[PDB]
2 protein chains.
Amino acid sequence: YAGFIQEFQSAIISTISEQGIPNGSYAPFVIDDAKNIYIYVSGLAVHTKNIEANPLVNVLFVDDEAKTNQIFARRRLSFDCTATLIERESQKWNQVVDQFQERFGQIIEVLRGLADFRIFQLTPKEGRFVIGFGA
Amino acid sequence: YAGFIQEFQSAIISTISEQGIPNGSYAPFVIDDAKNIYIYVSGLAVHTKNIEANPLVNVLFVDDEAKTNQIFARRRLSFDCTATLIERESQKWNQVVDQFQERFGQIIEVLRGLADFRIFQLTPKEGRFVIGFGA
C-alpha cells in the first residue's frame, strides 16, 4: 500500500468544523524518508479552518474512477489521522516544502514566498486497504 | 453542476461518527428527475454507521487526478447535505434502486435482492464549485 500511495499526487481529507459539519476536500501531499505524511493547504480553505479547530482528519487515497471498471470495487486506502501544524520557516518546514517543490514545481515557489499556506503533518493511528469489494 | 455531476459514477462522502471521528469514503449515486441526490450503501460500512448516528454528509465530486494538469486546481464541486433514510421497498425506494440498476447493472440486482443496503437521500444545503485556483 505504500506502493499504492505513490500513485497519488493528492489525498482526500475529511475534517469537521467547529459547528460539527463534516467537509471533504483534497490536498497535495508528500511523504518523507521516515514515511510521515504532510499536506500543504491554504489558510482560506474550509479544510484548514476545520483542522485548526479540530485536529482529526481522515485521509483517503482512492483510485480514479477512470481506473475503476466496477464502481462498487474502487481500490482505496484510508487512515484515521491527527494533524499537527509545522511551524512556518522552521528547518523541518523548509525541508517539507522543498519536497513539495520537487513534486509540484513553480507554484510552490510562489506559495512558500507569498502565501501563509500551512504545512500539517497527518499522523495515522489506523489504516484500512480495500482491493475488490469491501464495505 | 448538472453537467459536471453527470461525469461521475460516485461521490466522495465525508461523515462523522458518534465519537466524533471523521471519515471519507465513496458511494455510487443517482439524481432523479426532480434533481434529488441518493446513495446506496452497505449496512456494514463506517460511512453508513456514521450517517445513522449523525445525518450530516459532505458530498464531493472531484476530477480524477489523471484529468488534472495542475494539482492545485482540481475541478470540483461539493455540497453540505443532510441525510434521510428512504424506507426499504417503499415505492420511492424501488424507483431509486431501479435508477441504480440502470446505471450500474447486475450488481444492483444482487444487492437489492440479498443485501440490506440503505438508500439515503442527501439534500444539499450549500454548495461550491471550483474550477481553477480556489481554496
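In what follows, chains are A, B, ... by sequence order, proteins preceding strands, each numbered from 1.
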Structural part of A:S42 lying under 4.5 Å from a heavy atom of chain B: side chain
Heavy-atom cut-off 4.5 Å, strictly under: side chain, backbone, both or neither for B:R76 against chain A? side chain
If we ignore hydrogens and angles and just use 3.5 Å, is the side chain of A:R112 paired with the main-chain N or O of A:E89 as donor and acceptor? no
Measure centre to centre between the rings of A:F4 and A:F61, then say whether the value is under 6.0 Å. no
Short side-chain to backbone donor-acceptor contact, A:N58 and B:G24, under 3.5 Å: yes
Between the main-chain N or O of A:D80 and the side-chain N or O of A:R128, is there a donor-acceptor pair closer than 3.5 Å? no
Interface moiety of A:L60 toward chain B, non-hydrogen atoms closer than 4.5 Å: side chain
Hydrogens and angles aside, do B:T48 and B:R118 bring a side-chain donor and acceptor to less than 3.5 Å of each other? no
B:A115 portion near chain A, given a 4.5 angstrom heavy-atom threshold: neither
Is A:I12 in contact with chain B via its backbone, its side chain, both, or neither, using a 4.5 Å heavy-atom distance? side chain
Which one of B:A27, B:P22, B:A135 has the most heavy-atom pairs closer than 4.5 Å to chain A? B:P22
Using heavy-atom distances under 4.5 Å, tell me whether A:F79 contacts chain B through its side chain, its backbone, both, or neither. neither
Under 4.5 Å to a heavy atom of chain A? For B:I71 that would be both
Looking only at non-hydrogen atoms, find the nearest pair between B:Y38 and B:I86 and report the distance. CE2-CG1, 4.3 Å
Engaged part of A:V57 at the chain B interface, taking heavy atoms whose separation is under 4.5 Å: backbone
So what's closer than 4.5 Å to chain B heavy atoms on A:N23: side chain, backbone, both or neither? both
Rounded distance (nearest 0.5 Å) linking atom OG1 of A:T84 with atom CD1 of A:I119: 11.0 Å
